[PDB]
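First up is the structure itself, then whatever we jot down about it.
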Amino acid sequence: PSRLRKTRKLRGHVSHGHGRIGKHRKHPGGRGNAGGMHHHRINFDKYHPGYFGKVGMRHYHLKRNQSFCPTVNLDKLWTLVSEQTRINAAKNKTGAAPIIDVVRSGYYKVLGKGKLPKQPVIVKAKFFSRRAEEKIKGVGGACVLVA
Amino acid sequence: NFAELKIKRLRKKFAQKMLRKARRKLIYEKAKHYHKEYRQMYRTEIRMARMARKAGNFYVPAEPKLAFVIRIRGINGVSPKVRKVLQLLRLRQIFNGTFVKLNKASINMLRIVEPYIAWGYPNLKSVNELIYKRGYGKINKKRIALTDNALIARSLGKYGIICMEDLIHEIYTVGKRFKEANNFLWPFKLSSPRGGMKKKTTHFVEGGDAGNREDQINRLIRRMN
Amino acid sequence: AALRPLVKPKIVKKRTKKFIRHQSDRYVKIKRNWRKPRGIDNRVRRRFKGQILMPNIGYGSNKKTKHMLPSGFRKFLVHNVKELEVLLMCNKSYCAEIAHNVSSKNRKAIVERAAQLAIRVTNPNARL
Amino acid sequence: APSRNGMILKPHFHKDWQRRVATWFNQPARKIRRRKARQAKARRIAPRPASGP
Amino acid sequence: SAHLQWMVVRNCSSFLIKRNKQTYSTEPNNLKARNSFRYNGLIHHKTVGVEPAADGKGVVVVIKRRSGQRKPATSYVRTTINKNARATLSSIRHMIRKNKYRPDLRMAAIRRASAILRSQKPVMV
Amino acid sequence: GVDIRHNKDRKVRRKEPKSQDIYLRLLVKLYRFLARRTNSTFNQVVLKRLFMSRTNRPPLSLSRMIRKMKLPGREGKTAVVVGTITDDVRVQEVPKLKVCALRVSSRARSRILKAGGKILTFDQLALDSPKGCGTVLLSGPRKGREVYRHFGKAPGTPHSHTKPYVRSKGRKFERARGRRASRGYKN
RNA sequence: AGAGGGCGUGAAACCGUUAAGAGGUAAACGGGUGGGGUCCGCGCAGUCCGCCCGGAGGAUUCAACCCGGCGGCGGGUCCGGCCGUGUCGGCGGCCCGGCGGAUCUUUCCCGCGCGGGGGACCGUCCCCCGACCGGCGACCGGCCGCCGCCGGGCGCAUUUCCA
RNA sequence: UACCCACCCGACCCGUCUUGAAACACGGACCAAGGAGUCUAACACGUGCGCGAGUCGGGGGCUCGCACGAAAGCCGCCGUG
RNA sequence: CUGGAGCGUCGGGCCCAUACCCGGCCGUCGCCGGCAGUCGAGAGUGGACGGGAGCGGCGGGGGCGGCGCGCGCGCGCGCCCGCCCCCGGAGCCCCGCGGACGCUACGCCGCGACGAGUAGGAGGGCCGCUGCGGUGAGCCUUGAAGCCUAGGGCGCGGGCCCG
Ligand SMILES: [Mg+2]
Ligand SMILES: [Mg+2]
Ligand SMILES: [Mg+2]
Ligand SMILES: [Mg+2]
Ligand SMILES: [Mg+2]
Ligand SMILES: [Mg+2]
Ligand SMILES: [Mg+2]
Ligand SMILES: [Mg+2]
Ligand SMILES: [Mg+2]
Ligand SMILES: [Mg+2]
Ligand SMILES: [Mg+2]
Ligand SMILES: [Mg+2]
Ligand SMILES: [Mg+2]
Ligand SMILES: [Mg+2]
């Protein structure tokens, strides 16, 4: 609101928080992101390094749907499925191992972060990591692919 | 209950009229070296010059250890290396003064601020008048007046310093705890020299008011208490 | 012989006079009302000598005797009857002022209520 | 004239946003204009799935 | 609780009134119109009020019940006192104290009652 | 004529909470009560946090409160937090705890209580242990906020590697005059 | 009509005259007083009030006490009951307690392996009663202790009113 | 305290650009009225509040002739992002 | 202005700033401040409770002294034995049984300390203008806004209040 502004406290205050030596003139520097090479250089070079120039390779027309691929970490599969499906098993005595469609919860790829609880699993996913492989194997249980 | 208490608290009460007597007595008999040394130090310097003169022969009394320094000029148009020393001597304000322990380091700090101060080796009655009349202490970092000596004891009782007179050895004799005696002691703010200076600008030596005035600072202190 | 105070101290005022604005005298377009002068050159503001004095803080008034009428009772702007019974306890330290725009009939109503319960009113004898 | 850490910003207001601004104080009256269609169409085609085929 | 209501009702209150450097509270039964914790009527759960009797003479002493509040009608009980100044106060004194019922108001209740009484007698010469 | 700088004599600590939330202001009131009185430093520190801002009393995760109470000696104490407890979806063997917090996210609430723990509030704590006897102060990581990566020297200065703020990262979006040594130089 | 046909109000610059006072260094300004006015407080003593007390006058009913009633407060025996916190028991609501869960059975039922429905399971939320404990402002009943009001008693070394 | 007057001391005309203005720099006869840091988008930090590995907000829907209403409420929406 | 009111070198004595001292008052910062109902002033514990006993004691330094002593333990009373008793009353400078008048718990109180300012910031504005939701048994034909006032005042002042 208007009421809670400095401009209220700057009346009778001649130059208006803006200096009477060098006034508030219109557009001293330039207009917007202007003088990046020349003379505003010191910002752009010290504060946004790697702005000026090309790099890399075009992929031109590009569509993200083509390369949609979310990630999950082992870390939290023992979320995706209702926690009761874990409490059931860890127990049960038959080596059930519940199935986890990392598909069905919304992730085109599973990755090996974190601990995994000592508990056999069947993870059906798309693009598994290596480490995700190893951890699941080394716990017990398996890595099934989906198309 | 009542009259097992009544007594129990009256005891504490009296166990005090022991104590605040005992200490009161202690102070009074401390004050009694503080005569005897305080005289014996005089005579035993005369004693000896009297001894020397009898031979074809010759004193040089102990160099002074104590020299309270008055700042005498103000605080604008002041060099750096000065202004730092003058706020290591706690002479921030114009024309206050502190009891400084002479010492190769300290003496040579005063060379460098000479043109603004006026020091000399002060005398008992000078120390007295100052500690008594214009001696407030720094207690919880506060210029607080020394009116009862449960205020001195309260800061300095851990150095065997318990009273206004126990301060006053530690301020001639330098003693072990000059440091902490002269740093509850908060710099003494002295009024304008009644009857006026000679010349704020120059060395005493050339008729002025500055730097060393041996002994002769005691004229100066009468005029400024 | 009206409604004496609880306590009548010595009211002291460090300056008794108003704080006119610089050049409020020459120009009629300037109200006496203080406006603090922010001239680069202006002599007042650089606290120069024998010029108009600037309203500063430490040249303001004793906590006890602040805000306090010559008799002793600081005002209340009493505004109808019901607002008067507020002072019924705090009667003896501070008084009623009856608002400008109360009508002569209730201007009376309030007054004789005040006197009933011993609250001073500074304009008791006003509209009539 | 930038000063000490921001983003670059290419805000695109160099053209003339001003003239062609659509504000939306239709929004709620439109909501209702719509309501009355959903409504009317159903009462017109009485027994027929309101939603559509 | 009391302490909570307060913080809602500290500022923002219809019987609150601040002009002219005071603040004040016109609620029924506070004693001495103060804005306060102690001397406020409603907030709290035990309250003494003192106010003039409807007849012209006497003093009513309003005592909050605390049997069951959030029951405004009956929550909250009165009594007339038409006696002779001294006994009138001794009654209020004995009603508040030796009934351990908010022995804070104690005096204020007396000072009110005393002030009420003087408002009702041969007014002026 | 005194010759001090007056530059930063005024200290700048918060000495009331800036909020208007009556309950904070009340349990704050409760320890202006305690912190004046009792010798315990604890309630000075808790006071000194009720006080502080949202941004600067970051939330504790449950998992981090596990490995701060697992440690040897800390069994039987109360965990105490001037802020919020939250879940860790990536933790499971919740031990039975005793906690205090201003808030606890509703899912952490059910997890703690299911384990036969207790949760207290900044008043019940004051009755349990007014001196802070048998307690553990914990805070969340104050160098947590994604903000804190933007802080430091600068990006573009030598091997001081600090997020720059960029409208949208990608291939073309700051990789050039100053990052590939082929394309000008690099830092 | 001090609303008069460009009329509600009716400012300042500005000008109109009446009254007072001033006036050779242009006026105007800051600090400090002094004189005078217009007004404003008063006093035809402003002796300011409020306790308590003593004395001397004058006047009503009491106060202290009980007894009848009414209404509070506080206490507890948690006495008796109702209330809710933590615990235990009932597996008792569980189907007459629901909803959540990709839990499980298509041994079930309906409709077309799927959908709907039913049945099993866990997590949750209700009844019974029993036991412990916070026994909690959540009461309500009795017993108590105290206060207040009302009505009775008490006629005057009391207890008020007045000067 | 304010009006006039009297005296004693003080005393240059404001605003502004300005290393430096009483300026033999410029604006400024006087008075009334009008009059200059606004809105939006985007960032950023600081802070306030909600919920919290979520959280939202629309745009849509379902609920009004609105008096209040072009509000409020609600939606496996609630997540298609 | 002239053995000077000239110039050298020197005394006393005096004069004066917003400078220093003491005091007065108004700002701000700090005090790990006190003050949300409690003992206690270089504080150097307090209390059960037992067994045993009593004029014991704790028979330690010209220390000048600090931690132990000369207002009591035990005692006066009840009569060698009991006690050493209850604040709804010790009569209270300590009171821990309950707490300011004071406690708008962003209130108020004591200490000290400090408060030259352009640009700028920041804070504080019962400083000011106009609009709406609340709220003020607000005010008003018994006279509102504005306007006018050598009509009393208040704030440091924005302004505010009164004739
Ligand atoms: Mg400025
Ligand atoms: Mg300018
Ligand atoms: Mg320039
Ligand atoms: Mg100089
Ligand atoms: Mg459709
Ligand atoms: Mg007219
Ligand atoms: Mg009309
Ligand atoms: Mg006209
Ligand atoms: Mg005229
Ligand atoms: Mg004339
Ligand atoms: Mg220029
Ligand atoms: Mg010139
Ligand atoms: Mg020009
Ligand atoms: Mg300043």
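To be explicit about the labels: the chains of the structure tokens are called A, B, and onward in the order shown, and within each one the residues are counted from 1, while ligands get numbers from 1 in the order they are shown.
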
Go through the chains and note each residue within 9 Å of ligand 9, using only C-alpha atoms (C1' of nucleotides) and all ligand atoms, then give the set as a PDB file with N, CA and C atoms (P, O5', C5', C4', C3', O3' and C1' of nucleotides), in the first residue's frame.
ATOM      1  P     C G  15      -3.419  47.193  -0.876  1.00  0.00           P
ATOM      2  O5'   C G  15      -4.663  48.104  -0.484  1.00  0.00           O
ATOM      3  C5'   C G  15      -5.164  49.063  -1.420  1.00  0.00           C
ATOM      4  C4'   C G  15      -6.658  48.924  -1.616  1.00  0.00           C
ATOM      5  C3'   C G  15      -7.524  49.614  -0.593  1.00  0.00           C
ATOM      6  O3'   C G  15      -7.360  51.027  -0.701  1.00  0.00           O
ATOM      7  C1'   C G  15      -8.387  47.443  -0.892  1.00  0.00           C
ATOM      8  P     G G  16      -7.214  51.911   0.636  1.00  0.00           P
ATOM      9  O5'   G G  16      -8.680  51.781   1.271  1.00  0.00           O
ATOM     10  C5'   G G  16      -9.857  51.970   0.429  1.00  0.00           C
ATOM     11  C4'   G G  16     -11.200  51.717   1.109  1.00  0.00           C
ATOM     12  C3'   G G  16     -11.430  52.344   2.450  1.00  0.00           C
ATOM     13  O3'   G G  16     -11.488  53.775   2.346  1.00  0.00           O
ATOM     14  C1'   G G  16     -12.551  50.206   2.404  1.00  0.00           C
ATOM     15  P     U G  17     -10.279  54.712   2.874  1.00  0.00           P
ATOM     16  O5'   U G  17     -10.532  54.822   4.449  1.00  0.00           O
ATOM     17  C5'   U G  17     -11.109  55.985   5.099  1.00  0.00           C
ATOM     18  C4'   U G  17     -12.310  55.608   5.960  1.00  0.00           C
ATOM     19  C3'   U G  17     -12.090  55.599   7.471  1.00  0.00           C
ATOM     20  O3'   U G  17     -12.498  56.827   8.074  1.00  0.00           O
ATOM     21  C1'   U G  17     -12.822  53.462   6.786  1.00  0.00           C
TER      22        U G  17
END

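Taking only C-alpha atoms (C1' of nucleotides), the non-local environment of residue 34 (chain C) within 8 Å (same-chain residues fewer than 4 positions away omitted) comprises residues 19, 20 and 21 of chain C; 157 of chain I.
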
Just write the chosen residues, C-alpha atoms (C1' of nucleotides), as a PDB file, in the first residue's frame.
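Just written: selection.pdb:
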ATOM      1  CA  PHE C  19       8.117  27.662  16.759  1.00  0.00           C
ATOM      2  CA  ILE C  20       7.548  29.815  13.761  1.00  0.00           C
ATOM      3  CA  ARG C  21       8.759  28.849  10.303  1.00  0.00           C
TER       4      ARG C  21
ATOM      5  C1'   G I 157       5.893  19.564  16.608  1.00  0.00           C
TER       6        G I 157
END

Nearby residues, ligand 3, 12 Å, only C-alpha atoms (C1' of nucleotides) and all ligand atoms, as a count of residues only: 7

Give me, as a PDB file with C-alpha atoms (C1' of nucleotides), in the first residue's frame, the set of residues whose atoms come within 10 Å of any atom of ligand 10, counting only C-alpha atoms (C1' of nucleotides) and all ligand atoms.
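This is the output file out25.pdb:
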ATOM      1  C1'   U G  18     -13.286  53.203  12.995  1.00  0.00           C
ATOM      2  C1'   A G  19      -9.492  52.623  17.667  1.00  0.00           C
ATOM      3  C1'   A G  20      -4.478  52.150  19.858  1.00  0.00           C
ATOM      4  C1'   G G  21       0.410  52.694  19.602  1.00  0.00           C
TER       5        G G  21
END

May I have the residues within 10 Å of residue 138 (chain G) as a list in words, using only C-alpha atoms (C1' of nucleotides) and disregarding those fewer than 6 positions away in the same chain? residues 67 and 68 of chain E; 82, 83 and 84 of chain G

Find the residues near region 3-16 of chain D: any atom within 12 Å, counting only C-alpha atoms (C1' of nucleotides), skip ones fewer than 2 places away on the same chain, and give them as a ChimeraX atom specification. /A:29,31-34,36,40-49,51 /D:1,18-21 /F:150-156,162-169,173-174 /H:40-45

Find the residues near ligand 7. Use a cut-off of 12 Å, count only C-alpha atoms (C1' of nucleotides) and all ligand atoms, and write them as a PyMOL selection string. chain G and resi 3+8-9

Residues at most 9 Å from region 43-52 of chain C, counting only C-alpha atoms (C1' of nucleotides), excluding those fewer than 6 positions away in the same chain, as a PDB file with C-alpha atoms (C1' of nucleotides), in the first residue's frame?
ATOM      1  CA  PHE C  19       8.117  27.662  16.759  1.00  0.00           C
ATOM      2  CA  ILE C  20       7.548  29.815  13.761  1.00  0.00           C
ATOM      3  CA  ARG C  21       8.759  28.849  10.303  1.00  0.00           C
ATOM      4  CA  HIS C  22      11.644  30.680   8.650  1.00  0.00           C
ATOM      5  CA  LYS C  36      12.034  22.050   8.617  1.00  0.00           C
ATOM      6  CA  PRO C  37      14.374  23.883   6.387  1.00  0.00           C
TER       7      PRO C  37
ATOM      8  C1'   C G  29      13.980  39.042  12.088  1.00  0.00           C
ATOM      9  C1'   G G  30      16.585  36.114  16.623  1.00  0.00           C
ATOM     10  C1'   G G  31      17.610  36.497  22.319  1.00  0.00           C
TER      11        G G  31
ATOM     12  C1'   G H  10      22.073  38.976  17.877  1.00  0.00           C
ATOM     13  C1'   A H  11      21.209  39.561  12.486  1.00  0.00           C
TER      14        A H  11
ATOM     15  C1'   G I 117      24.713  16.868  10.057  1.00  0.00           C
TER      16        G I 117
END

Ligand 4: which residues are within 8 Å, counting only C-alpha atoms (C1' of nucleotides) and all ligand atoms? Reply as a list in words. residues 74, 76, 77 and 78 of chain B

So the first atom is CA of residue 127 (chain C) and the second is atom 1 (Mg, counted along the ligand's line) of ligand 6; what is the distance between them in Å, to one decimal place? 23.5 Å

Distance filter 10 Å, only C-alpha atoms, chain E against chain C, as a ChimeraX atom specification: /E:17-22,24-27,31-34,108,111-112,115-124

Identify, counting only C-alpha atoms (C1' of nucleotides) and all ligand atoms, the protein, DNA and RNA residues located within 9 Å of ligand 5, and give them as a count of residues only. 4

Identify, on the basis of only C-alpha atoms (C1' of nucleotides), every residue whose closest approach to residue 48 (chain H) does not exceed 12 Å; exclude the query and any residue fewer than 6 positions from it along the same chain; express the result as a PyMOL selection string. chain F and resi 17-21+53-55

Based on the selection just made, write N, CA, C and O atoms of those residues as a PDB file, in the first residue's frame.
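What ended up in again_31.pdb:
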ATOM      1  N   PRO F  17       9.406 -10.838  19.375  1.00  0.00           N
ATOM      2  CA  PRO F  17       9.108 -11.421  18.048  1.00  0.00           C
ATOM      3  C   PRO F  17       8.398 -10.404  17.175  1.00  0.00           C
ATOM      4  O   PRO F  17       7.662  -9.571  17.692  1.00  0.00           O
ATOM      5  N   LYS F  18       8.620 -10.454  15.870  1.00  0.00           N
ATOM      6  CA  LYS F  18       8.066  -9.435  14.988  1.00  0.00           C
ATOM      7  C   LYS F  18       6.614  -9.734  14.640  1.00  0.00           C
ATOM      8  O   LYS F  18       5.884  -8.857  14.183  1.00  0.00           O
ATOM      9  N   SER F  19       6.201 -10.971  14.874  1.00  0.00           N
ATOM     10  CA  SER F  19       4.855 -11.410  14.578  1.00  0.00           C
ATOM     11  C   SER F  19       3.818 -10.912  15.573  1.00  0.00           C
ATOM     12  O   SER F  19       4.150 -10.473  16.672  1.00  0.00           O
ATOM     13  N   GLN F  20       2.557 -11.007  15.163  1.00  0.00           N
ATOM     14  CA  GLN F  20       1.407 -10.624  15.982  1.00  0.00           C
ATOM     15  C   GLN F  20       0.588 -11.831  16.458  1.00  0.00           C
ATOM     16  O   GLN F  20      -0.520 -11.660  16.972  1.00  0.00           O
ATOM     17  N   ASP F  21       1.120 -13.040  16.289  1.00  0.00           N
ATOM     18  CA  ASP F  21       0.393 -14.261  16.664  1.00  0.00           C
ATOM     19  C   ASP F  21       0.305 -14.475  18.157  1.00  0.00           C
ATOM     20  O   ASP F  21       1.263 -14.897  18.810  1.00  0.00           O
ATOM     21  N   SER F  53      13.086 -15.411  13.193  1.00  0.00           N
ATOM     22  CA  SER F  53      12.210 -15.494  12.031  1.00  0.00           C
ATOM     23  C   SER F  53      12.195 -16.890  11.468  1.00  0.00           C
ATOM     24  O   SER F  53      13.235 -17.527  11.350  1.00  0.00           O
ATOM     25  N   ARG F  54      10.995 -17.355  11.141  1.00  0.00           N
ATOM     26  CA  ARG F  54      10.733 -18.346  10.096  1.00  0.00           C
ATOM     27  C   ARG F  54      11.957 -18.859   9.324  1.00  0.00           C
ATOM     28  O   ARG F  54      12.290 -20.045   9.358  1.00  0.00           O
ATOM     29  N   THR F  55      12.604 -17.932   8.623  1.00  0.00           N
ATOM     30  CA  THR F  55      13.693 -18.208   7.696  1.00  0.00           C
ATOM     31  C   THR F  55      14.958 -18.655   8.405  1.00  0.00           C
ATOM     32  O   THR F  55      15.847 -19.275   7.809  1.00  0.00           O
TER      33      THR F  55
END
